[PDB]
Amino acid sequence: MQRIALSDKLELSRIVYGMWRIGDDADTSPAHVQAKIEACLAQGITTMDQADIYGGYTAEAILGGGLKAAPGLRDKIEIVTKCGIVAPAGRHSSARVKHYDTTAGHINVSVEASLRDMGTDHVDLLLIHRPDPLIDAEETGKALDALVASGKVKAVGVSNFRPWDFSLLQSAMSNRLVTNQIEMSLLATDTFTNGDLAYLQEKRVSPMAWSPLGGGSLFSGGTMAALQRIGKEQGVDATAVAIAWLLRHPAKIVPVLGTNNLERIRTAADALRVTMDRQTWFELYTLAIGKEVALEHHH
C-alpha cells in the first residue's frame, strides 16, 4: 500500500488499522491477534492505532500477547499509541473521577506501560489523546521532547486538539507535532470549513481521521445511494468510496479503520482503487451537508 511520510522520521501506511475493539472480540488469544495483524499486512496496512485507555487499559497488553508470541512481527508494523485520559478502570481504578492527565510523570508512566504491554522498546507515534483544560504546556512539551530524544517515541502528535490547543503545545516544544487525530467523514464535515483542517493544511500537518465511516450511522439515503452508485461504477463497495472521499483531500488525511472483521480488513485497501474527481467530491460533500455550496453572493 502507498506510504505517507508524516515527517522525515515517521512514515505510515496511507490507511491505519484501529485496534480499539481488539479486547471486545470473544477471541483475544495471541493467535487471533496475529491473524488480524497478518490480514492488515496482506493489504499493506502496517500502521496499528492503540491507546493506553483502550479495553479499560488492557487492549495494548492483548496486542502484546500477539507480538510477544510472534518474534519479528513488531518490526513489520508502526505502532501509534495515546495517553492523557484517566478513567477509573484497570490499573487506574483508584481514580475518583474521569479526568485528563498531561503531567510529565503520567505521560512517562503511560509510555512505560505501553512499551511493557506490547513487548517493544519504542512506539512510532505518541498522541496526547484529548486537549486538557488544565494543561501546563511547558511541562508537557518538555516531557514529549525528552521522549523523542530518548528514542522511546519516534514522533509526537495530538488528538482532538483545536487549532489553539495545537498552537499552545507546539509553542512549548522543540519537536514538531506530526499529526492531529480528529473526527473526519461524510457525517463529520465541520473541520473542512471551521478552521480546524485549514490550520493543519497551513502547517503541512496530515490529520488522522477517526470514525471515517461516520461511526456506523452512514450505513444505517441520498448519500448512501451515491456511495453505492460510485462503488458499482468502479468495482468497489460503498465503504471504499466513503474512505476515498477522505483520501482525495489535499491535506493528506490518514483514515483509521476500526473493524474486528477479517473480511472488512481484506477489502480495506479498495479505497485506493477509487478515482474521486473534484465534481464527485462535491456531489458527496453536498449530499452529506444536505444543501448546495454557497454560490455567488450577488444574486
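The first residue of the sequence shown is number 1, and the count goes up from there.
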For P207, record whether it is unmodelled in at least a third of the other compared entries of this protein. no
Checking the other compared PDB entries, only those that cover the residues flanking it, does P131 lack coordinates in at least one third? no
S220-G221 interval: deposited residues absent from the model: 1 to 3
Assert higher mean C-alpha B factor (209-217 or 101-109, deposited values) equals 209-217
When the C-alpha temperature factors are averaged for each of 226-234 and 64-72, which stretch ends up with the higher value in the entry? 64-72
From the entry's CA B-factor values, the highest among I53, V254, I265, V274 is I265
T46 by Cα B-factor - lowest, middle or highest third of the modelled chain: middle
By its CA B factor, does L12 count among the lowest, middle or highest third of the modelled residues in the chain? middle
For the chain shown, is the CA B-factor of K82 in the lowest, middle or highest third of its modelled residues? lowest
Where the record places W20 (Cα B-factor, split into thirds across the chain): highest
Compared with the other modelled residues in the chain, in which third is the CA B-factor of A95? highest
